[PDB]
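Novice:
Protein chains: 2
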Amino acid sequence: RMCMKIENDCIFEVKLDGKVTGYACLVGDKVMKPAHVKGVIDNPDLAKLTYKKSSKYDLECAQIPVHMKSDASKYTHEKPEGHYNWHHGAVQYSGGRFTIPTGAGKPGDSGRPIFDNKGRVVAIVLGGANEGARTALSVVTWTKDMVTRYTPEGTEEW
Amino acid sequence: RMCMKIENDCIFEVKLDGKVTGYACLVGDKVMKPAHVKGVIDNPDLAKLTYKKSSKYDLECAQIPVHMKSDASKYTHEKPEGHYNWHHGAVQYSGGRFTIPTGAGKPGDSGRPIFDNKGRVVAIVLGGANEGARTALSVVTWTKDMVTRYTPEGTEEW
Numbered sequence: 111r112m113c114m115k116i117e118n119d120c121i122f123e124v125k126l127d128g129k130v131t132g133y134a135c136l137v138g139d140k141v142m143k144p145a146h147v148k149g150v151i152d153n154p155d156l157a158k159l160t161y162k163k164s165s166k167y168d169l170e171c172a173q174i175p176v177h178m179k180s181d182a183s184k185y186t187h188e189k190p191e192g193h194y195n196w197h198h199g200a201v202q203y204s205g206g207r208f209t210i211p212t213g214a215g216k217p218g219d220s221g222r223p224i225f226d227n228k229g230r231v232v233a234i235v236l237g238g239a240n241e242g243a244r245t246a247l248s249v250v251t252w253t254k255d256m257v258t259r260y261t262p263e264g265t266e267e268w
Numbered sequence: 111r112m113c114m115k116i117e118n119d120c121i122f123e124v125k126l127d128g129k130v131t132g133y134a135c136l137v138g139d140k141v142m143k144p145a146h147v148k149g150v151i152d153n154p155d156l157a158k159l160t161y162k163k164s165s166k167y168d169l170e171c172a173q174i175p176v177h178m179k180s181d182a183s184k185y186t187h188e189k190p191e192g193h194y195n196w197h198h199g200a201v202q203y204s205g206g207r208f209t210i211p212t213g214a215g216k217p218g219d220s221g222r223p224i225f226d227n228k229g230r231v232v233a234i235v236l237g238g239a240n241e242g243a244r245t246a247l248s249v250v251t252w253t254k255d256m257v258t259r260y261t262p263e264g265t266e267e268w
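Chains O and K, in that order, give the protein sequences. Residue numbering for the first sequence follows the entry's author numbering, beginning at 111 and increasing consecutively. Residue numbering for the second sequence follows the entry's author numbering, beginning at 111 and increasing consecutively.
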């Protein structure tokens, strides 16, 4: 249940005219906001910044102010074969694919991070493709220098 | 007895004019159907696909639809020296050869996978050569990039 409290400081909410479409999460020094989400961050300090624009990668980030780093979450690049954590349940990792049981995700609810055992962020959910009882997850994934967006076929953004 | 239920979901029936001729398994993201088997997969969704043709390797595979991977059995490349599991009994692995006691296989009954201890697929049986009390197996075997067909001498296709 530590992952939930860790999500509290990191998560931010972006809404279109107040209809929340997605979430923005502080990781290291970047506010992880998906590009498809149209709307306004609630905290002004993150709203008065200039944001990078990326479509092929589907991300938007801006340098968080010096007061927001202590409030952020530490990141990690360990993707060992096994089990991670999520807000609505658990993410099963096998063969480079994040998968969730169908019924745990409605439209919206994008921007929530994925956490490993001891709290280090590993992923930022963008959408997912329905796959039997075990639906997959389009997601932003990262290494030492590279960030990679893995979008399963027939993906619907939620 | 877990291997049997794992066979249940993954294995599909190939039927020729009222006689099942083969078992086609959704291992990984494809249907493992042997090339020698003439006939029709029972589930239409796998029948309305385009299938690749291979003779030297004796296989036929096609991309299973996005609803079939949650039903697909798991794969692995661990071939440690020891004992694995089978539908009709057990497979003894030694010196790169799968061997079964004679009397466990009649003609037909090709396409059944071979499972390790905890359910991960390791092989797809094609035939076998009678060898004393300990008959061998001609099987589809695979590594990181390569698939290898090991057919013992004097092998019949059953």
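Backbone N, C-alpha and C define an ideal beta-carbon position, used for all residues, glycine too.
Can you list the residues of chain O that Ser183 (chain K) reaches, using a CB-CB cut of under 9 Å?
Specialist: For the purposes of this step, residue 183 (chain K) is identified with residue 73 of the second sequence, where counting begins at 1. Simply none; closest approach about 13 Å.
Novice: Taking the alpha helix (DSSP H) that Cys113 (chain K) falls in, what are its first and last residues?
Specialist: Counted from its first residue, the second sequence places residue 113 (chain K) at position 3. Per DSSP, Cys113 (chain K) belongs to the alpha helix (DSSP H) from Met112 to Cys120.
Novice: Compare the C-alpha of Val130 (chain O) against each of O:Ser220, O:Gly229 and O:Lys228 and name the closest.
Specialist: By 1-based counting over the first sequence, the position of residue 130 (chain O) is 20. Checked all of O:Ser220, O:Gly229 and O:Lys228; the closest Cα to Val130 (chain O) is O:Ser220.
Novice: Run through the DSSP bridge pairs and tell me what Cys171 (chain O) is partnered with.
Specialist: Counting from 1 along the first sequence, the entry for residue 171 (chain O) is found at position 61. DSSP lists no partner for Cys171 (chain O).
Novice: Verify whether the separation of the beta carbon atoms of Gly138 (chain O) and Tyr185 (chain O) is less than 7 Å.
Specialist: Position 28 of the first sequence, counted from the start, is the residue given in the question as residue 138 (chain O). Position 75 of the first sequence, counted from the start, is the residue given in the question as residue 185 (chain O). Yes, they are a contact pair.
Novice: Among O:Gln202, O:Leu236, O:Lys148 and O:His198, whose alpha-carbon lies nearest the alpha-carbon of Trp268 (chain O)?
Specialist: The residue you call residue 268 (chain O) lines up with position 158 of the first sequence. Answer by Cα proximity: O:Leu236.
Novice: State yes or no: is the C-beta of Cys120 (chain K) within less than 7 Å of the C-beta of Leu136 (chain K)?
Specialist: Counting from 1 along the second sequence, the entry for residue 120 (chain K) is found at position 10. Counting from 1 along the second sequence, the entry for residue 136 (chain K) is found at position 26. Cβ atoms of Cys120 (chain K) and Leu136 (chain K): closer than 7 Å.
Novice: I need the straight-line Cα distance from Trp196 (chain K) to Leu247 (chain O), nearest angstrom please.
Specialist: Within the second sequence, the letter at position 86 stands for residue 196 (chain K). Within the first sequence, the letter at position 137 stands for residue 247 (chain O). Each residue's alpha carbon lies about 34 Å from the other.
Novice: To the nearest angstrom, how far is the alpha carbon of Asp152 (chain K) from that of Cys171 (chain K)?
Specialist: In the second sequence, residue 152 (chain K) corresponds to position 42, counting from 1. In the second sequence, residue 171 (chain K) corresponds to position 61, counting from 1. When rounded, the distance between both Cα atoms is 15 Å.
Novice: Between the region 147-165 of chain O and the region 190-204 of chain O, are three or more C-beta pairs nearer than 8 Å?
Specialist: The region 147-165 of chain O, when compared against the region 190-204 of chain O, does not touch it at the 8 Å Cβ threshold.
Novice: If you follow the alpha helix (DSSP H) that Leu136 (chain O) is in, where does it begin and where does it stop?
Specialist: Numbered from its first residue, the first sequence carries residue 136 (chain O) at position 26. From DSSP, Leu136 (chain O) is part of no alpha helix (DSSP H) but of the beta strand (DSSP E) over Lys129 to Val137.
Novice: Using only CA atoms, which one of K:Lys228, K:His177, K:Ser180 and K:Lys148 lies nearest to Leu169 (chain K)?
Specialist: In the second sequence, counting from the first residue as 1, residue 169 (chain K) sits at position 59. Closest option to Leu169 (chain K), Cα to Cα, is K:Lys148.
Novice: Which residues mark the beginning and the end of the alpha helix (DSSP H) in which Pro154 (chain K) is found?
Specialist: Stepping through the second sequence from its first residue, residue 154 (chain K) is reached at position 44. Per DSSP, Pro154 (chain K) belongs to the alpha helix (DSSP H) from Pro154 to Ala157.
Novice: To which residues does DSSP link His177 (chain O) through a beta bridge?
Specialist: Here residue 177 (chain O) refers to the residue found at position 67 of the first sequence. According to DSSP, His177 (chain O) bridges with nothing at all.
Novice: State yes or no: is the beta carbon of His187 (chain K) nearer than 7 Å to at least one beta carbon in chain O?
Specialist: Counting from one through the second sequence, the residue named residue 187 (chain K) turns up at place 77. Chain O contact via Cβ: absent.
Novice: Bridge partners of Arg244 (chain K), per DSSP?
Specialist: For the purposes of this step, residue 244 (chain K) is taken as residue 134 along the second sequence, with counting starting at 1. K:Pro211.
Novice: Distance cutoff 7 Å, beta carbons only. Does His198 (chain K) sit that close to anything in chain O?
Specialist: On the second sequence, residue 198 (chain K) is found 88 positions in, with the first residue counted as 1. Not one chain O Cβ lies under 7 Å of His198 (chain K).
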